[PDB]
Structure formats: C-alpha cells, structure tokens
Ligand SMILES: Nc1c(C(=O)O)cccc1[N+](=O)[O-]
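Before any questions on binding or motion, here is one chain by itself as structure tokens, the form deposited without 2-azanyl-3-nitro-benzoic acid (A1IAX).
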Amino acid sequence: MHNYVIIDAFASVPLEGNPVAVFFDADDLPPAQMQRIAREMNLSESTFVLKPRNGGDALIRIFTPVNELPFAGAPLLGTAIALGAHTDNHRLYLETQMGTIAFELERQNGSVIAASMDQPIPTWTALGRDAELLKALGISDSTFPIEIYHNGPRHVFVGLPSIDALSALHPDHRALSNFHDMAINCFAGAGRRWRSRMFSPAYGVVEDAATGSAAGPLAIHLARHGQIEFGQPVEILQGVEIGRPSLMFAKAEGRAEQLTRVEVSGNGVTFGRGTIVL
C-alpha cells in the first residue's frame, strides 16, 4: 500500500491553485507502475518520493497521465510542501532529472504552508510565428516581444495592454494546437502585480491554474523588457477565469546574460489524504 496526499500548489485555500498528488515511500514501484498510477489519478501530475541517489533529501519523479517530466514547477512545490510534513529541516533538496532543486520551507506550528525553489535557468528566443499566434488568440499585436522560453517545458509570452483585455481573450484552441511542445502564456499588469492565463493543447491543458514553470521565465521577460528590474519580485495571479486562482511569486537575479538565480515561491495547502491498495 502507499499513502498519498493531494496538495493544491500556489494556494492557501483548498480548491484554489493547482492540484498535485504526492505518493510517499515509492521505492517499491517500478516506473511503469508509477505511470499507471498517474493515469489512474488523472491529475495534471502525480509525484513519487524515492530515496536519494546523489546526496539530496529525496529523489522525485514527476508524471503526467501519459509521460514522465524532467521538471515541473507546481508539482515540485506541492511535493516539497507535502514532504515537509515529514521532516523538521528548513531547506529540502529534491533530486530530479534536471539535477537537485533547492527548496526553502516555511512553517507555522510545524505545518509547511509555503516554499521557495531555485528553478533551472531558462533560455529563450523570438517565437517567429507572431501573426499565426496572434490570429489564434484573437488579437492584433502583443505589447512586448513574443518570446519562447525553455526550462524543460517551453513557454511563450504574449502581452496584453490591460487585465480586462486579458480576461476578454477567447482563443481558438484548435488554431493553438499547431503550436507543439509549448504553452501560451498571456499576461498583463504593472509594477509588482501581474495577471496570467495559460493555454496549451500540446501539454493537454485547455486553461491552466498555475503554470509554475512559467513564473520564472515571466520575471525574466518583464526584467529584460524594462517593466521590473532584475532582483525585484513580482506577484503573478493566474487561473482566475477558471476559478482556480493561483498566486506565484517570482524573481530573476543577475542580468539577462548572466542570471544567477530564478526564484519561484508560493503557498500550498492539503486538499486530501489517502491510501492506495498497491
């Protein structure tokens, strides 16, 4: 048998944020079994907590219902939060396919309520499919350059001139299906406070609750394009239009050419707990 929890990542209230199922003591499950269990659960990801192999605290494997992922932001945040229920340590070092990701855990009376991670440092380039993408979204132009970032998954960012315009978007999901192995992240805001909507037929999501792996890239994008500085944090509110509001905090330190840290943090809360029969 295995124990699991369901953590709503990037939320402090259940039924908000982005759910992840976290399976404990998973060393007796072969990867094919892990994939089957992820399919059974049908959450956007399931994670599996394994003994470390390279000096970290645990090795985490991440599965969608149909494949294994090298990196994912919300699922790793939720795993850190879930695991921090079983450790007293302040920092947690989670081994993944992209290497060991360092988390800082934040508690109140022994319960982990939030965590902060150092993400992989992304790369980026111009999408070079602007007219096609804008058509698909139903708008004429972006504010800022349409660039695609890679940190495992790929995210494209399209800027809107107000939060109302972002909310008004009604993309052609069929036309967005021609954009393979990426997610389309639309954003609007000012100063410290930004809003985001993410759509990805490629990653099997109509509209996402919290795209944790896009938060870091978005901070970089906003700093490069002069809306914030390198080293300044932003608050990114996502998921409002699907009723899964999700709050991601991000900061990109250094400069574009030499980034030293990409920090993303958020709250998490337990939605449920249970046990499976295998």
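Residue numbers here begin at 1 and follow the sequence given.
One more form of this protein should be noted, the form solved in complex with 2-azanyl-3-nitro-benzoic acid (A1IAX), which is absent from this view; the next part is about it.
Candidate site formed by 104, 118 and 233: none of these residues places a non-hydrogen atom within 4.5 angstroms of 2-azanyl-3-nitro-benzoic acid (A1IAX) in the bound PDB entry. This chain is displayed alone, yet in the bound PDB entry one of 159, 189, 153, 84 has a heavy atom within 4.5 Å of 2-azanyl-3-nitro-benzoic acid (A1IAX); that residue is 153. This chain lacks the partner; the member of 141, 172, 164, 181 within 4.5 angstroms of 2-azanyl-3-nitro-benzoic acid (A1IAX) in the bound PDB entry by a non-hydrogen atom is 181. The stretch in contact with 2-azanyl-3-nitro-benzoic acid (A1IAX) in the bound PDB entry, judged by heavy atoms within 4.5 Å, is 64-72, chosen from 64-72, 22-30, 225-233, 48-56. A residue is said to contact a partner when one of its heavy atoms sits within 4.5 Å of a partner heavy atom; residue 203 meets this definition for 2-azanyl-3-nitro-benzoic acid (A1IAX) in the bound PDB entry.
Residues in 86-101 all lack a heavy atom within 4.5 Å of 2-azanyl-3-nitro-benzoic acid (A1IAX) in the bound PDB entry.
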